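Written below as structure tokens is the structure these notes are about.
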Amino acid sequence: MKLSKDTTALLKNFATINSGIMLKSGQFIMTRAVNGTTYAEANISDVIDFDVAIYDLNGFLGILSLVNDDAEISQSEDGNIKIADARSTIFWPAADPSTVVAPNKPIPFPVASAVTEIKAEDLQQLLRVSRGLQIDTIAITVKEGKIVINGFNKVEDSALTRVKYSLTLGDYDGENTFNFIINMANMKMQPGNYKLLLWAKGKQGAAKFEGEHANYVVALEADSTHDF
Amino acid sequence: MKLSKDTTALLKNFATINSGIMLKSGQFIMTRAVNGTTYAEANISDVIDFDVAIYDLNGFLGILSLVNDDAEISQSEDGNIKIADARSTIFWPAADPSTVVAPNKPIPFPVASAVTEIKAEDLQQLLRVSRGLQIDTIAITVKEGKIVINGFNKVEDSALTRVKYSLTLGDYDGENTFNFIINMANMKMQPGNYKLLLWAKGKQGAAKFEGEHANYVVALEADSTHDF
Amino acid sequence: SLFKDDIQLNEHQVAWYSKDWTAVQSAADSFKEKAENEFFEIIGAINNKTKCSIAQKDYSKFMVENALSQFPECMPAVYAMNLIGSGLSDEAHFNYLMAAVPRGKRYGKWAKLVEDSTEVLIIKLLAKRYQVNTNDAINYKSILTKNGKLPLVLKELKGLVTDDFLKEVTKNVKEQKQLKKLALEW
Amino acid sequence: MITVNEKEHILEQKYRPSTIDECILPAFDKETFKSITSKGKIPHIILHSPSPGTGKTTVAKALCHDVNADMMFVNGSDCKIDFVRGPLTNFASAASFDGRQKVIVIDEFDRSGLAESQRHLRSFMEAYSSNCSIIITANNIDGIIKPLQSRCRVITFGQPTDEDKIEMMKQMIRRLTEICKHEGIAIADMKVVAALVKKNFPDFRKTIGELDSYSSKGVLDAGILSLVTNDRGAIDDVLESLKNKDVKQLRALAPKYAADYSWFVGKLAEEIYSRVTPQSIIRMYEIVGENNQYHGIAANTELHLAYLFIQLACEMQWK
Amino acid sequence: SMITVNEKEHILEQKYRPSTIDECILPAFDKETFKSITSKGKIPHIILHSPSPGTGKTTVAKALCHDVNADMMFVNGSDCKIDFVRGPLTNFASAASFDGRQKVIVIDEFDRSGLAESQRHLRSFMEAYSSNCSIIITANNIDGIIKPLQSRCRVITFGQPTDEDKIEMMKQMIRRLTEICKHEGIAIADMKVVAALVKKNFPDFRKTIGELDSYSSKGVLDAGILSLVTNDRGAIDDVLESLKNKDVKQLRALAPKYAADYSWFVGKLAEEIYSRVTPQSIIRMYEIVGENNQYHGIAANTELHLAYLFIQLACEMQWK
Amino acid sequence: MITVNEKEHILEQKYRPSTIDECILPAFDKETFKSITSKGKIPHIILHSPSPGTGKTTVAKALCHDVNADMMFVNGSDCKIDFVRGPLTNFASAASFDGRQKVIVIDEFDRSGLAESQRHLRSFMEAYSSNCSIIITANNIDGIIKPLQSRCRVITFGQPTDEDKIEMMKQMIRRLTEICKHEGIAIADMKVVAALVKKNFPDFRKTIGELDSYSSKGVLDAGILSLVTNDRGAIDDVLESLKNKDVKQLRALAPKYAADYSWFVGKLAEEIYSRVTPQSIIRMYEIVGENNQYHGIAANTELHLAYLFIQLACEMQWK
Amino acid sequence: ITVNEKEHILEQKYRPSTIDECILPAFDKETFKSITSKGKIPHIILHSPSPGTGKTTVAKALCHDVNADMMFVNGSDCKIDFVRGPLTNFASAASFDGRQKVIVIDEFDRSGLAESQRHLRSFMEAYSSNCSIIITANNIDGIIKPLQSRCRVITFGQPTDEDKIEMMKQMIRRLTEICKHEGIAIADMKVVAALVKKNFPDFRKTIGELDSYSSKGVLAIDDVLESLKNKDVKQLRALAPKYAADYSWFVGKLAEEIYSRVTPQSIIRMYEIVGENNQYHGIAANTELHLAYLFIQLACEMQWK
DNA sequence: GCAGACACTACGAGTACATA
DNA sequence: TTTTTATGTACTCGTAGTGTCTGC
Ligand SMILES: Nc1ncnc2c1ncn2[C@@H]1O[C@H](COP(=O)(O)OP(=O)(O)O)[C@@H](O)[C@H]1O
Ligand SMILES: [Mg+2]
Ligand SMILES: [Mg+2]
Ligand SMILES: [Mg+2]
Ligand SMILES: [Mg+2]
């Protein structure tokens, strides 16, 4: 089995979520962070033909730039990972699953409390600004029949008192009202257009981005507030 | 005497092999470590015009990047040195030969048990795999008729068993068997094409790296194994 | 210097408002002022038999032992916590000293030797070239005056004075008076 | 009267005082804080304990609350030089638009590796002194560089006078009582409340934290009093057998505490110190110190402990 | 059964690691204070410390979480440096569990010295995030936990039972060992050896099970194993007699015999002489043996050091 | 049967035992190792002597060999905390792809400055207990922190029963005999082989190292036997210089016998006993006993011997 | 005879070159020959404790005879990071003429190094195939027990009455030869026989002496000894840290040198005082202080002649 | 396309703690 | 009123140097 540029750019992403990863045969791959805060699922171009656990993902992906863009890969007789090149050949330590915090399966997403969508054009401007504005967290609430988004500076701010930023997403059809806060840090998604799925059963509560490539879930913040 | 842009770079390089050096008149430099592990010779196109000993090399090449490039490095009027500049003059100490370990042995590599070449871009790939794939020893030998390299991990893989890396270097035609092992630590060349001449009879021996900008010769580790 | 009316903005205000940090830094470096300790109110209490009770303040078994190490009236007690004290609570090592060393006074000056900085460099040198430890090295220098003329050998070794080596001898620009000093009169 | 935060279960943080009056402090200290909140402007201040939970970081937030400051609260260990250059310079230079004293609270700023940040701060404090002031909180002063103590009013905590201690304790008892009414905790014996206060005196946090753990049963009765005044491990059986100079008993206790020696030997020093005469102290350190010192050469550790006991039995003259 | 078995482990003091707070063998008041805690449904900041190893600190930490059904991150103390607290733990502590679970961070074996910097950083953290999540610290030595973190916690101190607890806890541990043997295929010939293993290393329940593995080589625990567990391999008569008689050539000859294993011999001698000599000879005999034992291991010739002990006792002992 | 490594000339390392059976050990110890290799999985173990060359680090490699583990062997002193974090964590987390027990042998781990690494290891051992186990080898236990002894089966060496000693010695004699056949060493008197074994008993390394040095002449005859059992000489020059109470001579003899002290001190007790009056005997044990006792704290051993001579010279009344 | 002509100190430029040139006990010389014969060198310890018996000379000679590739190292320079770094390099590297590699660690006694020595115990077994170690020590107890286990411990100093008479002749011949080379005039042969006899066991000092005669080419402890006589303290208090550096040697010199300078029942007192101090060194935590305490004790109780 | 600018690493400074 | 041992190990900070990759 081989992997292409597009695939890897993903896993270099999935690295920033969990420095390890467990993956098996299929065109599906996934990781969730050790601490229970985020998670991503992926359908991909290239095809997996055997189960394997990688301890150091962020650097395996690295080793992979150290040979041609085509070298074939497989499970060695040596039950490790064989990256074989035209001239050379590498043998990457496949780790014991015990130690790679992976998700057993895939949990469905509660038919969403609230729905709206976000242009990738739009989301680039959020990240873009946030560096510029020291925006460390955000909140998505309802201002006048439309779904807005507000960036803050939890550092200087403390209470999320003053808004430093405010995109304006969709409109709000239904009639609840809420404030879902999100740790910017917890937002690890390769840019591109998303459908947004919010959810809460009181103290329960999460947020799902639905890409064209993969789906992402991040935890709300401790006092995300709402009437669901 | 004046020292060029290319000469000084084989001088920072001979510092990685000896704190001190002794080059003498001629167009030849050579040094080898206080522990007799590592020998390096190089023929420069700046003609050294006298016999000098420096307790420290990597100290000297420092007071030399500052001075402009006229640098009539002459000999001081009291046994020490004079770096003549476009517009200044500096004085470095000059050590009694009793305080520098100098090779003194331009012994000639006997004859090659076998010869083979290595491409510079492919020293590249190995000098770098080993860094993050964690290699610290390698072994040059014959696999399927060509002469290969294996990288291992002396600590994790205590007896050179699991090969973390292989590299193929163009066939061997002679009919011998061998396994020459080198401790990566004692390998210090700036990249480039290199002729590889390896000699050994019975148990005593060494490997000689011919390069167009320097020559390098180091010692097989304890266990290397052959039939020459 | 235009405008010609500026209630002078203090060295700091300029550093910051203008936001070049390198000037802000040297303004920082301004007060480095390094000194600390108050370990002599602890020594003092052990001596004068006032009350401190320790616990709150940092304590140094090395510093308290050495300070007292001065006055022979104490040596018996320090001698004790020296053999035995390794392995006692700082709370303890203190409580003990309170109940042993009896009188009280001491005045300041410790005894530190006088280093001829030159003589030390010379022995440190000889022990280097000759792979001997310091006592033979001293023998060598005694010997090497009385024949074989120390200039002969200091001239050979002036070779390695490497300024890494000087940092091992003294701690200040006294250290640069020495680079020159054996580069000279041999 | 009592502020409750209600977003916290942890209960020493539920009852964290909102204002400078709700705080239990030495007389002169409270008065100096009232004085400050009166003048309406807040100088650069350092509050330090070194005994934890005396209320430093609580009074920090209260001072701000009383003068109605615009306050940034900051973890000390998070406040590195780039933070001061960055976020703090912004805040300190920006103008609060209600005309509020701006105040930067740096909590637990006594870490060693921040000295570089602290120096950088010394120049800052003079540049921005017109806008905003800084309140530093520290457990150990020597971790605050001298030029920062020069620039501040250093107020020093939990080291009350003999009278303050007696008043502060009454005040803390009244408070605990009030916390009990609110919490549904029944007080059967007031003596146990006076005991919890006295036990952990300087530290008001642990004194409340205790109340949570002895409330398992919703009541404080004479039976809880036994556990509050009582000593759960102790040394008593040895200390007593030592005084009595008996041996079979000492011979028998040896194997008990041989289990973990380094700890036991420690307690014994601490506990005997109080119970024996002045030149018995000097002897007891020589005896215990020597015994501790060779432990780990000595082959039978249980015997080595017996040897220590016989030694102390004979030579200890007990007050 | 009444017992959790992990089955992913062969190592067997880790196979039988207790799942819940009840399966844990603890002092009465301690178990009760943990039930009390799991009852209120929320977990405060806690420190568990022995200093004796294997009292169950890091086991009870995981159980507490299990009982309250917390979302728990478990962390090696020595891995928890200040950049960890800033990065992953701050993330976890600020993130909201979605199933309204107490979030808990278990830092195991946090008493290392070079982490003081991290610990201080944590002191301000614990108050900021106290609403979401609590911290359970496990330590062998308290003094390695800075004072302001002890202020912030309920410090529970282990392996320090009452005299009754010890007697009950020992019975409980004997019943448990018995049960582990049924499961393991270990035959118990003499129950006295199981009571001996427990008593031998009491506070430490880990070593007490670890022992069982090593004395099970032969799949049975019989009176013969009991000799190695208590093990005395000792009859002292020839020395005791040569001592009374105050003769020396004999003492001089017996020295090399018992020099073989000293720490045991010295032990029997104390035990056996105690009964055979007068009351103020007892106090002298501890001073003499104690001192001799103390310096053994500095003393270069061990056989001579034994001879020296005999001469000393021969003269100063007055035999009842 | 005997394993020979043949890459080594040094000959106490040529004959290093390959498997648990080739090892000469106490009965119960061998049996407990067989038991372990049987169950096929290896627990966390500590092997300690403190007498060198009892076979600790040999049996470590053998245990691995018998269970066919994937084993990383590691110098204890090289085992700092960043090593455990980096290479060992890698190895312990990686899965061996033949389904082999993974085992990390840390040899000679009893150094003092590694306590920090050992603590770090205490949490590691429970995390990775499923994959892989650790075998620690130590000369002095007190250099292994308590919580690591808790986590291990501590097996203690070179402390056989009286019967084991008698069997082990026979086994070692057979072995030496076999080594001699292989090496071309002629055995003229079997009594010298039994002597070498008995002489340094616990230590099997030195017992083989000796054989190299007495083989200069390729034969072991009655003449070598004299040097093996032999001498250290009589003591006469000292015993005489002692009676005469002279010093310069005593001062001069000190360095001579400082060479091997434990033997000398032993002869001195034995020989003086006969030569001095009855209450000089009791004094001579107190003087020699005390001197022997502190040797090894005493820094200059030659001086310590002089000190002994001066003491005896004065207090000995001679017959 | 053997001369290293570039050496300006007498002891460095005359050292016997080979095992035969060395003056030794019979069995000792024979055991060294035996060794050089087998062509390979085991791990060895050479120790006196009497200085100048030839330990560090025989070390270099053994190497010379077997034609080893030898790194020579000052003991006090060999700390754990040296063994990890350069020595591990050397011991793992293969000499390319097939020479025994040997590491000579000279004067390895001080237990400042115990940590290094332990580190070495695992090392010696790992690279025992390449290279061996020769340790030189004045005092054995400064060499940890497990290193003595790994070595052949050869001990100096018990010459027979005949050896003494021959060795002295040999040393006189040698001194004579050194004098020819050095330009030192011998007017009276009796003085040469006197220097040899005077410090007999110690051949180093016996050559070092000859240099002292050097100024006309024909034939220390003071600062402490003085401060002791004067019974002053601030000076004694100051000298302590100086000699705390290596204690076992200093204490040795102090015994040797005071013996001569003090009254007869002051000698008996001085051994009781120094002996007891030496005895507890190494329990005593602060070694500089322990030296101070020794000074105070001697100042008061010593009666100088 | 290349600068710009970002993200990462290596190093030196100061602090610390256990041993001797 | 006085003022810091030597070796080895571990950890945090700031900064400078190093390298890979993207917007106008
Ligand atoms: N056996 C010997 N024969 C000749 N010279 C000797 C002998 N032993 C020592 N020396 C002299 O001592 C010097 C070297 O001393 P060294 O071997 O270091 O003594 P030590 O090991 O006792 O310190 C040389 O200069 C040498 O001349
Ligand atoms: Mg606080
Ligand atoms: Mg644990
Ligand atoms: Mg070993
Ligand atoms: Mg020497």
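Each chain in the structure tokens gets a letter, A, B and so on, in the order shown; residues start at 1 in every chain, and ligands are counted from 1 in the order they appear.
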Select all residues from chain D having any atom no more than 8 Å from an atom of chain E (counting only C-alpha atoms, ignoring ligands), output as a VMD selection string.
chain D and resid 7 to 10 13 51 to 53 75 to 78 107 to 108 111 203 205 to 206 209 to 210 213 216 232 to 233 247 259 to 260 263 294 to 295 297 to 300 303 to 304 306 to 307 310 to 311
When the cut-off is 9 Å and we count only C-alpha atoms (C1' of nucleotides), which residues of chain D are near chain I, given as a count of residues only?
6
Neighbours of ligand 5 at 9 Å or closer, counting only C-alpha atoms (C1' of nucleotides) and all ligand atoms: which residues, as a tab-separated table (two decimals) with C-alpha atoms, in the first residue's frame?
chain	number	residue	atom	x	y	z
C	132	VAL	CA	49.41	14.49	38.04
C	136	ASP	CA	53.02	16.49	42.92
G	51	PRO	CA	54.93	6.01	47.03
G	52	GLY	CA	57.58	5.54	44.34
G	54	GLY	CA	57.12	1.85	40.50
G	55	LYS	CA	53.34	1.28	40.10
G	56	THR	CA	52.67	3.86	37.43
G	57	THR	CA	56.00	3.04	35.76
G	106	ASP	CA	46.76	6.50	37.32
G	107	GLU	CA	46.21	7.27	41.02
G	136	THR	CA	47.14	2.43	39.84
G	137	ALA	CA	46.42	3.11	43.50
G	138	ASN	CA	48.30	4.24	46.62
G	204	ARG	CA	60.76	8.53	42.98
Can you work out which residues are within 8 Å of ligand 3, considering only C-alpha atoms (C1' of nucleotides) and all ligand atoms, and then hand them over as a list in words?
residues 53, 54, 56, 57, 58, 59, 108, 109 and 138 of chain E; 122, 123, 126 and 147 of chain F
Could you pull out the residues in region 36-135 of chain A that DSSP calls strand (DSSP E) from the backbone, as an MDAnalysis selection string?
chainID A and resid 38:48 52:54 72:75 81:84 89:92 114:118
Which RMSD value, in Å, follows from superposing chain D onto chain F on all C-alpha atoms in order by least squares?
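That gives an RMSD of 5.4 Å.
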